[PDB]
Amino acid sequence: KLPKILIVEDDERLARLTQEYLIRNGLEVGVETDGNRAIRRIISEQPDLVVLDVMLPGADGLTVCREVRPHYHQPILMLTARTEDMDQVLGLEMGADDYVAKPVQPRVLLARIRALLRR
């Protein structure tokens, strides 16, 4: 019974490299590349945590966060190249539990996932 992680990320290669790392570290990990699909997928599959980019086709990650929250109470970790102070504050106030600038070192991302899961 491993924790289930959904990575929502438009860069398919980045998403997959991140997925492989996290799988090697005791997690069950899926990848979604589109924001509208992510909304449906997060709600139906109910992952234990979402790793979410703000920059997504279909629906941006802030919209994903907004739409998903009334039906999804689990941790959302925003992981993005949108690193401005304004962007960070918006993500967190929109309902994200953490907000991490790309690029992130895999070991750090793992530590953050773990910390969020014990919440």
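Don't overthink the numbering: it's just position in the shown sequence, from 1.
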* Would you mind comparing 79-87 and 46-54 for me and telling me which has the higher average C-alpha temperature factor in the entry? => 79-87
* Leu117 - which third its CA temperature factor falls in, relative to the rest of the chain -> middle
* Asked: Once the chain's modelled residues are ordered by C-alpha B factor and cut into thirds, is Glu20 in the lowest, middle or highest one?
  -> lowest
* Sort the modelled residues of this chain by their C-alpha B factor and say whether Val31 lands in the lowest, middle or highest third. => lowest
* CA B-factor placement of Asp10, once the chain's modelled residues are sorted into thirds -> highest
* To do: Please place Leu110 in the lowest, middle or highest third of its chain by C-alpha B factor as given in the entry.
  => lowest
